[PDB]
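Chemist: Right, I'll just put the structure down here and ask away after.
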Ligand SMILES: C=CCO[C@]1(C(=O)O)C[C@@H](O)[C@@H](O)[C@@H]([C@H](O)CO[C@]2(C(=O)O)C=CC[C@@H]([C@H](O)CO)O2)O1
Ligand SMILES: [Mg+2]
Ligand SMILES: [Mg+2]
Ligand SMILES: [Mg+2]
Ligand SMILES: [Zn+2]
Ligand SMILES: [Zn+2]
């Protein structure tokens, strides 16, 4: 069958630096009739469809930046990105069309940038939720780098949580995370102080955001 | 302008069937092979099959992963591509894309649709509750949000001010917890602009045909 394999699985590169990624096929993709390699590269940015970048191994599609170059032949192929930009964050797939079609497993390109502290916001439950008998408390930790972050919830001073990270931002290369604590209304109404505390490598001091039910 | 648009995705039970469509314009449809490609959430693209062009008699080919279970057809009068899926299983849950394929000359998929999400599950459709996130008691900038809680299946769409607020928006990927998804979206604006101007999140959950506008009101 034709097995397509890519390397690395993932990597991170700083803007302005060079990116190199590899694609191997189990059979030569060099078509003897046309003497071209039937190997294409696609870029898939977060939440978007794949977009054609390169085909016949080295032909750059119109509208694709000069910084993307495809190379190689037979069983081994390379996509090179020079002077990588923040917007280049994506999964990159190679695909053979020598015999039907088969995609590689992809390479995830992340962007390395300077450490950045999160901006933290806390939100009390809405009255339209409380009327239903539930109480969700939400904390947004926005625009930070790197991705690893710790969130603790404290209720009346002591430590049902959904955490979600965004994909990296295409413009500033930061991450954001939402943490949701869900309680029953009966439990919510027993306590006064609700606190989310974010600890990130950017400070030894946790960022603490809080509200008190009596001040609502 | 080339357009490809998939439709027909949604929730179906294991063992069930579903047919997807892909409407096209902006090119000579019969000149082109057309492929279907799927992608399970967070996983790689998988080529499924193609149907050839007029020159090659509109014959079909399939990955062994789906041969005998999926069928590709095309309406050449209307420039529409179809995928008939039978005996669906958990592993078929994925975004399905149509892609314009070979023309006899170029080896490339030049264009792809936006994709349509198929969920194979016994779970019921459940519309979201949508709750505003307004600051408590608590700056140059202000951050607001909406919490889109307890829905099934994916997806939902979230916009702010009918898409006029796009900068400074973050939508947090849905997380599944005890059989329902919850997602949230944040928007950051200058505090001189809210609450003096209206900020509203617009939420749609196609499986339940839910449409919600939730104005973010100061407490
Ligand atoms: C039009 C015929 C073949 O094209 C496909 C196909 O299976 O339909 C699709 C193409 O993307 C590519 O995979 C080619 C494959 O390269 C075989 O194509 C050639 C060849 O390159 O040798 C080209 C012309 C004739 C054909 C066969 O000998 C007879 O149809 O081989 O296949
Ligand atoms: Mg941001
Ligand atoms: Mg307690
Ligand atoms: Mg057969
Ligand atoms: Zn207490
Ligand atoms: Zn055949």
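Chemist: How far is the Cα center of segment B:57-124 from the Cα center of segment A:84-130, in Å?
Modeler: Segment B:57-124 and segment A:84-130 have Cα centres spaced 25 Å from each other.
Chemist: At a 10 Å Cβ-Cβ cut-off, how would you order B:31, A:1, B:92, fewest neighbours first? Don't jump to the answer; show the numbers that get you there.
Modeler: On the way: B:31 14, A:1 9, B:92 23.
Going from least to most buried by this count: A:1, B:31, B:92.
Chemist: Further question on the same structure: Could you compute how fast segment B:111-196 diffuses translationally, taking Rh as the Kirkwood radius over C-alpha pairs and applying Stokes-Einstein at 25 °C with viscosity 0.890 mPa s? Give it in µm² per second.
Modeler: For the chosen part, D equals 165 µm²/s.
Chemist: What is the distance in Å between the Cα centroid of segment B:1-43 and that of segment B:145-183?
Modeler: Going from one Cα centre to the other spans 24 Å.
Chemist: While we're looking at this one, here's another question. Just want the ordering: B:37, A:91, from fewest to most Cβ atoms lying within 10 Å of their own Cβ. Don't skip to the answer; put the middle values down first.
Modeler: Working: B:37 29, A:91 21.
Neighbour counts put them in this order, fewest first: A:91, B:37.
Chemist: In peptide B:168-177, what is the residue-averaged number of other protein chain Cβ atoms found within 10 Å of each Cβ? Walk me through the numbers on the way to the answer.
Modeler: Values: counts 2, 0, 11, 5, 12, 7, 2, 5, 1, 5.
Taking the mean over all residues of the peptide, I get 5.
Chemist: Right, another one. Give me the number: length gained by fully extending residue A:9 to residue A:127, i.e. 0.36 nm times residue separation minus the C-alpha to C-alpha distance, one decimal in nm. Intermediate results must be reported in sequence, preceding the final value.
Modeler: On the way: separation 118, 0.36 × 118 = 42.48 nm, distance 4.55 nm.
Result: 37.9 nm gained on full extension.
Chemist: Here is a follow-up. What's the average, rounded to a whole number, of partner chain beta-carbon atoms within 10 Å of each residue's beta-carbon in A:98-104? Each step should come with its number before you reach the end.
Modeler: Values: counts 1, 1, 8, 15, 4, 6, 2.
Partner Cβ neighbours, averaged per residue: 5.
Chemist: With every atom except the alpha carbons ignored, what do you get for Rg and Dmax of chain A, in angstroms?
Modeler: 23.8, 79
Chemist: Turning to a different aspect of this structure: So, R0 is 25 Å and r is the distance between the beta-carbons of residue B:78 and residue B:106; what FRET efficiency does that work out to, to 0.05? Kindly include the intermediate steps, with their values, before the conclusion.
Modeler: Values: r = 24 Å, r/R0 = 0.97.
Once the sixth-power term is evaluated, E becomes 0.55.
Chemist: Taking a ≥ b ≥ c as the square roots of the eigenvalues of the Cα gyration tensor of chain B, is the shape rounded (a/c under 1.5), prolate (a/b larger than b/c) or oblate?
Modeler: Working: a/c = 3.11, a/b = 1.89, b/c = 1.64.
Here chain B falls in the prolate category.
Chemist: Determine the distance separating the Cα centre of segment A:1-80 from the Cα centre of segment A:191-207; give it in Å without decimals.
Modeler: 44
Chemist: Follow-up question, since we're still on this one. Need one number: nm distance between label points at residue A:212 and residue B:138, each 7 Å from Cα along Cα→Cβ, rounded to one decimal.
Modeler: Taking the two extended label points, one gets 1.8 nm.
Chemist: Averaged over all directions, how much area does the convex hull of the C-alpha atoms of segment A:124-172 cover when projected, in nm²? Before the final figure, lay out the partial values.
Modeler: Working: hull surface 20.8 nm².
Averaged projected hull area, Cα only: 5.2 nm².
Chemist: Using the Cα atoms of segment B:14-62 to build a convex hull, what is its mean projected area in square nanometres? Intermediate values should be presented prior to the final figure.
Modeler: Values: hull surface 19.8 nm².
Value for segment B:14-62: 4.9 nm².
Chemist: What number, rounded to the nearest 500 deg cm²/dmol, is the helix-based mean residue ellipticity at 222 nm of the protein assembly as shown, given -39500 (n - 2.57) per DSSP H run of at least four residues and division by all its residues? Provide the component values of the computation, followed by the final result.
Modeler: Numbers: 2 runs with 8 residues, N = 435.
Calculated mean residue ellipticity at 222 nm is -500 deg cm²/dmol.
Chemist: For segment A:114-213, how big is Rg over Rh, using alpha carbon atoms and the Kirkwood form of Rh?
Modeler: Details: Rg = 14.3 Å, Rh = 14.2 Å.
Ratio of gyration radius to Kirkwood radius: 1.01.
Chemist: Here is a follow-up. Could you give the nm distance between label points at residue A:154 and residue B:213, where each point is 7 Å from its Cα heading toward the beta carbon?
Modeler: Roughly 4.2 nm, to one decimal.
Chemist: Within segment A:134-155, list the residues whose amide N lies under 14 Å from a label point set 7 Å along Cα→Cβ of residue A:192.
Modeler: Output list for this probe position: A:155.
Chemist: Taking only C-alpha pairs under 8 Å that are 6+ residues apart, what is the relative contact order of segment B:1-122 in percent?
Modeler: On the way: 304 pairs, mean separation 44.0, N = 122.
Contact order relative to length: 36 percent.
Chemist: In nm, to one decimal, how far is the modelled label at residue A:78 from the one at residue A:35, with both set 7 Å along Cα→Cβ?
Modeler: Each label point is offset 7 Å from its Cα along the Cβ direction, giving 2.3 nm.
Chemist: Follow-up question, since we're still on this one. From the gyration tensor of the Cα coordinates in the protein assembly as shown, what semi-axes in whole Å does the equivalent ellipsoid have, largest first, with each one equal to sqrt(5λ)?
Modeler: Values: eigenvalues 379, 136, 67 Å².
They are 44, 26, 18 Å, listed largest first.
Chemist: Divide the volume of the convex hull of the Cα atoms of segment A:1-113 by its number of residues and quote the answer in cubic angstrom per residue. The partial results should precede the final answer.
Modeler: Details: hull volume 10.6 nm³, N = 113.
That works out to 94 Å³ per residue.
Chemist: Let me ask another. Could you give the length gained on full extension between residue A:26 and residue A:100, defined as 0.36 nm per residue of separation minus the Cα-Cα distance, in nm?
Modeler: On the way: separation 74, 0.36 × 74 = 26.64 nm, distance 1.42 nm.
Roughly 25.2 nm would be gained on extension.
All of the numbers you see were taken from the coordinates with simple rules; none came from a lab. As a convention, Cβ positions derive from the backbone with ideal geometry for all residues, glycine included, and neighbour counts pool all protein chains shown.
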